[PDB]
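To begin, one chain is listed below as structure tokens, in the form deposited in one PDB entry.
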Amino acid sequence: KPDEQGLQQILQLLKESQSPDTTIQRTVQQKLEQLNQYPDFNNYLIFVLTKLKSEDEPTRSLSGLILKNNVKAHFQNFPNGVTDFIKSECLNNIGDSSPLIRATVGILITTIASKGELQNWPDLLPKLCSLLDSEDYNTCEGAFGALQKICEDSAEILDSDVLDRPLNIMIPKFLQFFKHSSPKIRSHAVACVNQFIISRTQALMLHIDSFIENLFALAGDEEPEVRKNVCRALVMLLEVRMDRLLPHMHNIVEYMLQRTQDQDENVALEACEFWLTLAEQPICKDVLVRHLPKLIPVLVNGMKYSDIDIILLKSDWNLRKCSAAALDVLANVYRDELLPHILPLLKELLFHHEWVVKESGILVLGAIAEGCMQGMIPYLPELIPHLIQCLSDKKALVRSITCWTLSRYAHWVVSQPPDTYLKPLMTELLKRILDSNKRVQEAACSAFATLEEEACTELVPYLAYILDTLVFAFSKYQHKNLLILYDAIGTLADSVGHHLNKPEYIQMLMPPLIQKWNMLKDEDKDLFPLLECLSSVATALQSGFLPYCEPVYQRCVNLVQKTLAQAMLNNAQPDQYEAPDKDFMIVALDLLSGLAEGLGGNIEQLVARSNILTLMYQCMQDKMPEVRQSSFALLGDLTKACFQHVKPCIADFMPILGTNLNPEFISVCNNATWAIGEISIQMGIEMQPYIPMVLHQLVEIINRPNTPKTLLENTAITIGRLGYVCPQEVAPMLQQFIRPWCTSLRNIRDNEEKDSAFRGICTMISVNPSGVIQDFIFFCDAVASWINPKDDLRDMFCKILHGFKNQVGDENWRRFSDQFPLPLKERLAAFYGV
């Protein structure tokens, strides 16, 4: 290839490339940018890097890295035999004396294989594998580094047959290098093999025995990279293959218990993982016998902040988090059986005069809370007032962890008399929300949200107090916490409901919300807590939200509109245009449904001006279930609020509702059934033409195990409603349901729903009395839940019950009535008689 004039130009350009002052390097930044699109230039780059020994390491390496960026951006462009020249030069120089040159070459190869593509370098893998065998150590190491990077980057491409089947050659090749002299090499080998465990890729699986043997042979390797890789190997293996590990299990946990205490905290982390993974397996209890008593203290010891973190404070997975996690899981496995092991530890840690210890103790308390709750109940009356005291602790990390652990005992706290625990707890938590430290602000805010979730309407007496602090936070908050503050406020709204609406409360709350609202861009993810917060505030405030509605309504529909528009654009030009992030759509639909409910009937003026339904029609057809879900919720809410604007759309909508039942998605199925139910009421007899799309499915649903409570209730309700508007189809199906219908509906509060549904079961029963006879018990018991029926409903029940009585004959009505539980048989005579 050419040289010798432009060569000097490249040399000079690279010289200026590294220069002390910004001016020169910006000028050559421009020169570089312009030249970067010409292939000949790149030929010069690889030439300088590999072939020119005259130049210093830094310069060559820089040539290589600039070339590397040139691949990174617009590699697709430059023409073949150039690219092939680069490839060849790279592969011939892979082993190189200079560590820096070797690294550059590596990143080049790596970036070419990732970018241009794996198929587009056909001979790469076989070449690297042939290089592994080399007598030159450096070539061996560079080839192995490349292979490792390649395995990490694409496992899935490698396990596919698009490459043919490379792993079939590579994996057995890798296993032969576990025995290598160089620790770097062994490290590379087991690292490469590790990518393929969870996949259960054929090559590894068929060689599994070889693998595990060589793994054991490496167990005692001094070198921490090797130990660490072995540990990873054993964790993943544990996950995928229980069988081949079983015989060696005890020795293995003996080893892991040792690695967990390892001097090098990386090895220690990778080992500690093992307990997290083992606690998921069903045989855990059996394997952990006789290692458990040591294992727990070990985990409790790893749970204090490492010294580096103690310095940094006063972000990511560390020994402490893994230990804590493993302890939580275990405490869920052993439940109350763990307490004899934990209690002594807690006794020494909790009251300790060294705050790191105390902290790790409180952490332990929190972690074991879920699994050990029952066994811990006896000790709470002593502990909780102690934690409430800790929130006042001089050290911040103590305050925060205390907030969390208390939060984990919140349920027990609200289940007790409010003045002894709940009240102090709330006062002190509120104090801590305003804490001068941000970590404590976030922890306290989260805890408090947790508490609000746990005690609802119990908060009411204290509402003003709470608001006083909450809004004040608006002034003190750095916006990282501000989001947690929104979540706190939304949770407050959800918990106290309509008690939230008073002029002073709204005047206090709204301005700062509106403030952050105005100043957030439609592109900003931080909108999510803010709108999810308003969504709940609005449902809570109801009519009192009127002043603030128009602007928020508009913004939501805009958000939904832009996201849809962007989705289609992306669909059309996916290379030129980037996909929308549908979360904005979801949050926006949420807020919308949130106004539709509690503003209901007052959105009419707004909806009448909107394309909102034209958009919803698209949302329902979206591949992403959460969108469909929010969308059907909205459909129901509008259906209630203003039906006039829906009625046009019910023709197209219904078929869509009918293909969205699909109980595999619970929330979707639910919101869709609910929606249908809301349609029928407004549609009266006009619902006639389609039952048939929905019915068979609804019956299949209400009869399905194992179906979540709410889905079943909603199903029964809408079926009842369907039978209420259109008893002619519908009702002549029963005992296909109504066992489930009744068993479900009997557990629901008395309200508009199930008033509708029961009126429907009655007008359905007039039409097909034959079906309800087989089990009439379920219906009696259902009529019996019913503390306060509407007089009409009552009378219906009377007519039906008496009808049955006279029908079946008296006395043998009573042979039937004899299996009535006391309260049932009594209420039946009391309200109806009988």
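The numbering used is simple: start at 1 and walk along the sequence shown.
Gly809, though modelled here, lacks coordinates in at least a third of the other entries of this protein that were compared and that model residues flanking it.
In terms of unmodelled positions of the deposited sequence, the chain runs continuously from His207 to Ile208 in this entry.
In this entry, 760-768 has the higher mean Cα B-factor, the comparison being between 244-252 and 760-768. Judged by mean Cα B factor in the deposited record, 179-187 ranks above the other of 399-407 and 179-187.
Going by the entry's values, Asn481 shows the largest Cα B-factor out of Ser306, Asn570, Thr111, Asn481. Highest C-alpha temperature factor among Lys72, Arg227, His341, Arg102 per the entry: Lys72. Sort the modelled residues of the chain by CA B factor and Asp264 lands in the highest third.
Ranked against the other modelled residues of its chain, the C-alpha B-factor of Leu35 as given in the entry falls in the middle third.
Among the modelled residues of the chain, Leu163 sits in the highest third by CA temperature factor in this PDB entry. In the deposited entry, the Cα temperature factor of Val537 sits in the bottom third of values across the chain's modelled residues. Ranked by Cα temperature factor within the chain, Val783 sits in the middle third according to the deposited record.
There is another form of the same protein, the form deposited in another entry; it is not shown, and what comes next is about it.
The listed options are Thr27, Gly497, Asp750, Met733, and the one placed at a hinge of the rigid-part motion between the shown form and the other one is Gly497.
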